[PDB]
Amino acid sequence: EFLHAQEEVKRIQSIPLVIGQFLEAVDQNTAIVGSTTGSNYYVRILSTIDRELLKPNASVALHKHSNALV
Amino acid sequence: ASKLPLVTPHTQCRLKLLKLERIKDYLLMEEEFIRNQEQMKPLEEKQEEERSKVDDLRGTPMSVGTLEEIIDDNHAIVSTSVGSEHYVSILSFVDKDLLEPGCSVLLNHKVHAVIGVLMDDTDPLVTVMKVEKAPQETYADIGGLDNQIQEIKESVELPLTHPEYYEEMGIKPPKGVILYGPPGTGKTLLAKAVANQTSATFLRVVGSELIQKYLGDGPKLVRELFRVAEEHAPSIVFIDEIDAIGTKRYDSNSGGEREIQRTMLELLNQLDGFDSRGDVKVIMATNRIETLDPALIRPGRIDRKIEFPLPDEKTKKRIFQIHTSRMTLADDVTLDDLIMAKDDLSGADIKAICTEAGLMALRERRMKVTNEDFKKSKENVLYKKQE
Amino acid sequence: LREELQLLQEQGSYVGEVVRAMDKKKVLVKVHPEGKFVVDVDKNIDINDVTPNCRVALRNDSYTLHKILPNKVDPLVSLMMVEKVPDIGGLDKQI
Ligand SMILES: Nc1ncnc2c1ncn2[C@@H]1O[C@H](COP(=O)(O)OP(=O)(O)O)[C@@H](O)[C@H]1O
Numbered sequence: 455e456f457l458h459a460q461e462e463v464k465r466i467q468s469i470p471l472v473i474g475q476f477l478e479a480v481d482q483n484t485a486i487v488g489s490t491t492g493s494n495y496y497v498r499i500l501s502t503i504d505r506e507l508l509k510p511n512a513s514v515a516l517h518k519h520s521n522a523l524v
Numbered sequence: 002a003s004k005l006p007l008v009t010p011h012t013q014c015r016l017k018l019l020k021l022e023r024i025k026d027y028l029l030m031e032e033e034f035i036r037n038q039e040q041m042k043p044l045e046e047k048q049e050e051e052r053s054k055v056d057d058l059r060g061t062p063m064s065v066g067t068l069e070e071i072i073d074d075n076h077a078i079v080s081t082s083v084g085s086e087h088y089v090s091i092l093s094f095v096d097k098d099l100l101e102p103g104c105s106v107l108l109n110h111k112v113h114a115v116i117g118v119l120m121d122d123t124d125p126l127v128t129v130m131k132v133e134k135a136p137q138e139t140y141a142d143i144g145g146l147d148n149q150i151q152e153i154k155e156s157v158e159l160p161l162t163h164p165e166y167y168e169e170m171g172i173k174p175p176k177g178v179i180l181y182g183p184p185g186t187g188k189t190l191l192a193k194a195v196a197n198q199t200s201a202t203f204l205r206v207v208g209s210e211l212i213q214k215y216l217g218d219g220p221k222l223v224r225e226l227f228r229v230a231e232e233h234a235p236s237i238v239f240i241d242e243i244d245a246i247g248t249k250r251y252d253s254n255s256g257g258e259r260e261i262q263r264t265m266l267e268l269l270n271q272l273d274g275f276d277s278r279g280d281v282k283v284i285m286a287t288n289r290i291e292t293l294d295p296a297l298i299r300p301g302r303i304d305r306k307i308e309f310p311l312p313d314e315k316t317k318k319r320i321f322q323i324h325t326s327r328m329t330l331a332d333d334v335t336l337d338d339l340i341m342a343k344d345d346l347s348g349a350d351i352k353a354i355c356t357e358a359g360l361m362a363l364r365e366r367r368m369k370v371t372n373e374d375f376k377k378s379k380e381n382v383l384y385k386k387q388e
Numbered sequence: 002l003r004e005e006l007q008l009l010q011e012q013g014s015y016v017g018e019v020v021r022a023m024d025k026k027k028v029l030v031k032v033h034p035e036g037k038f039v040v041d042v043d044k045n046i047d048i049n050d051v052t053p054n055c056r057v058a059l060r061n062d063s064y065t066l067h068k069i070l071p072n073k074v075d076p077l078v079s080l081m082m083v084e085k086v087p088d089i090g091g092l093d094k095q096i
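As you go down the protein sequences, you meet chains H, G and E in turn. Each residue of the first sequence is one higher than the one before, counting from 455 in this note's numbering. Each residue of the second sequence is one higher than the one before, counting from 2 in this note's numbering. Each residue of the third sequence is one higher than the one before, counting from 2 in this note's numbering.
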């Protein structure tokens with residue numbers, strides 16, 4: 455059931471998200487990102503992402519409506 | 002707040018006693034009639050009912066806007082942070098008196114209506130130019146000045162302190178004051194002294210700083226200077242070193258010099274051109290006095306020109322005594338060895354002496370004082386003048 | 002895991018910096034590109050907690066403060082000048 459759980463989360467992306475950049479994280483599973491839309495935001499993250507992919511403002515994707523690090 | 006305008010008797014006239022006794026009994030009557038409100042029906046439907054009602058009527062996200070223009074009574078034109086300018090009406094909630102152009106405002110989201118006003122900050126210019134506190138020593142620091150102190154006092158101090166001589170005759174005080182004499186005389190001393198013992202604001206100004214690599218601000222600095230001094234409070238303006246900046250039209254040349262001519266021009270008309278400033282004290286410091294512009298020299302602009310003489314052996318014994326008051330003094334020294342010898346030495350020279358002692362004795366880390374300390378110190382200042 | 006799909010179908014978490022607060026449990030906060038706003042504080046947060054020049058979690062609908070986010074690093078305190086062990090042919094006279 456857990457492995458069925460991971461896959462069903464995948465519908466969130468569907469491609470057209472946004473190209474933004476990771477900036478910083480406050481705490482566990484919540485960080486800050488400055489989008490290429492000129493503005494900056496405070497957002498949550500998915501538990502699926504590996505935390506070794508961070509550091510020096512990586513290229514990231516975000517939801518159009520939600521604007522969450524996916 | 003503006004409870005009664007009449008001050009016309011200006012005395013202990015029974016008119017005034019009747020006035021202030023009537024106003025007294027009226028105030029007592031109001032305080033008592035309103036006092037009988039919280040007695041029969043002490044109620045509190047006027048603190049959070051109106052306040053809460055309007056706090057909810059107006060909004061949160063209180064977008065800060067900028068005033069553009071004022072039209073009629075309720076609608077004005079505003080400018081958002083990006084330039085979107087809206088023709089929005091204002092509420093009867095903000096102080097309409099403190100509402101002038103170029104001011105931050107509070108706006109709504111849907112209608113963007115003017116909700117409130119944000120109080121302004123303290124401009125950096127006052128912090129830059131105004132001597133904030135009593136900087137230095139009070140009248141125990143004078144080496145000697147009595148006619149100088151009289152002129153500046155009855156020109157400024159006596160007027161503001163006891164304004165019961167000028168309104169007896171309707172005679173206004175003199176406006177301008179030029180402090181001139183040889184250098185090292187103590188002009189800074191007296192300026193910082195009146196600035197120390199004063200009740201109104203004080204401003205210190207340097208003249209060399211009126212040259213921009215940008216072209217033609219200058220009189221910008223002047224006009225904003227007098228603007229802040231006037232708008233701020235009862236202002237005591239002081240400008241030192243106008244001699245190397247406003248002397249005269251020596252050759253009528255161009256290229257910077259012409260610019261300075263324009264600047265001192267704006268200090269002239271801006272000094273006093275139109276609709277006399279009022280509560281605008283002006284004080285000017287100069288070393289030389291002959292190479293000055295007589296158009297500024299004429300009355301209306303300056304009415305008191307004070308000479309700064311140099312005492313010979315009478316106040317010097319108190320100048321060496323002041324600059325040696327806070328210091329040790331061995332019994333080997335006698336101030337008359339150097340005071341009773343010369344008759345023109347400036348107080349700046351006595352200062353270089355009584356400080357040169359602090360350099361000599363403690364350069365070697367010896368004891369308190371020796372007479373040769375004042376000998377080598379006086380000779381050292383002798384080469385300070387002579388060399 | 003199963004529930005999160007709607008949870009991150011959510012948006013509004015803005016980020017702000019407080020210039021300084023004022024009375025009535027309010028503050029003055031500028032947004033990243035945008036202008037400055039006077040806003041409401043959260044019931045769980047404290048006015049004294051609000052220090053000037055600090056980030057805050059903001060709403061997007063009401064711009065209500067959610068959480069006063071921690072500063073990155075006090076930049077002068079990360080660039081704190083060295084106090085290393087203070088242990089010149091040509092430089093002895095000026096010594
Ligand atoms: N009579 C005096 N008593 C004490 N100090 C004096 C006296 N005359 C001059 N001085 C010293 O000489 C300095 C000259 O001051 P001032 O005349 O304002 O400078 P400038 O002549 O460059 O404008 C003062 O700072 C003061 O310390």
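Backbone N, C-alpha and C define an ideal beta-carbon position, used for all residues, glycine too.
- In terms of CA proximity to G/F375, G/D337 leads the group G/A349, G/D345 and G/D337.
- Scanning chain E for C-beta atoms nearer than 7 Å to the C-beta of G/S82 yields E35 and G36, reported in chain order.
- In this structure, G/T316 has its CB closer than 7 Å to one or more heavy atoms of ligand 1.
- Counting the other CB atoms within 10 Å of its CB gives G/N75 a total below 16, which places it among the exposed residues.
- Where G/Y181 is concerned, the enclosing beta strand (DSSP E) starts and stops at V178 to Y181.
- By the CB criterion at 8 Å, G/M30 and E/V40 fall outside the cutoff.
- With a cut-off of 7 Å, the C-beta of G/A349 is classified as near ligand 1, since at least one heavy atom of the ligand falls inside that distance.
- In this structure, the straight-line span from the alpha carbon of G/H324 to that of G/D122 is close to 42 Å.
- G/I35 counts as exposed, since fewer than 16 other beta carbons sit within 10 angstroms of its beta carbon.
- Taken in chain order, the members of the region 8–40 of chain E whose beta-carbon sits within less than 7 Å of a beta-carbon on chain G are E35, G36, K37, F38, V39 and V40.
- Looking at the DSSP output, H/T484 shares a beta bridge with H/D481 and H/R498.
- One alpha carbon belongs to E/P53, the other to G/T264, and they sit about 41 Å apart.
- Only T61, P62, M63, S64 and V65 from the region 50–67 of chain G bring a Cβ to less than 7 Å from some Cβ of chain E.
- Around the beta carbon of E/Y15, 16 or more other beta carbons sit within 10 angstroms, so the residue counts as buried.
- Look at G/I179: its beta carbon is at least 7 Å from all of the heavy atoms in ligand 1.
- The shortest CA-to-CA distance from G/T292 to any of G/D244, G/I320, G/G301 and G/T316 is the one to G/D244.
- Exclusion of the five residues before and after G/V112 leaves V89 as the residues of its chain whose Cβ lies within less than 7 Å of its Cβ.
- With respect to chain E, the C-beta atom of H/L457 has no partner C-beta closer than 8 Å.
- Interface with chain G (8 Å Cβ-Cβ cutoff): E/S79 is excluded.
- Annotation: G/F275 is outside any beta strand (DSSP E) and is labelled neither H nor E by DSSP.
- Counting only Cβ-Cβ distances below 7 Å, E/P71 has contacts in chain H at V480, in chain order.
- Judged by beta-carbon spacing, H/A522 lies within the 8 Å limit of H/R498, meaning their Cβ atoms are closer than that value.
- With a cutoff of 8 Å on beta-carbon distance, G/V65 and E/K73 are scored as not near each other.
- Classified as buried, G/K379 has 16 or more neighbouring CB atoms from the shown chains inside 10 Å of its CB.
- Distance from the CA atom of G/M285 to the CA atom of G/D241, rounded to whole angstroms, is 6 Å.
- Note that the region 289–305 of chain G touches the region 174–187 of chain G; at least 3 beta-carbon pairs, one per stretch, sit closer than 8 Å.
- Every unbroken stretch of the alpha helix (DSSP H) spanning 4 or more residues and falling wholly within the region 6–91 of chain G is given here in chain order: 15–36, 38–41 and 49–58.
- The three-state secondary structure of G/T162, taken from DSSP, is helix.
- Residue side-chain check: G/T189 places its Cβ nearer than 7 Å to a non-hydrogen atom of ligand 1.
- Distance from the C-beta of G/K352 to the nearest heavy atom of ligand 1 is below 7 Å.
- In this structure, G/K385 places its C-beta atom within 8 Å of the C-beta atom of G/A353.
- By the Cβ neighbour-count rule, G/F227 is buried, with 16 or more other Cβ atoms within 10 Å of its own.
- In the DSSP secondary-structure assignment, G/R305 is bridged to G/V178.
- Following the DSSP letters along the chain, one finds H/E506 in no beta strand (DSSP E), marked with neither H nor E.
- Contact of G/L272 with chain E by beta-carbon distance below 7 Å is absent, the smallest such distance being about 39 Å.
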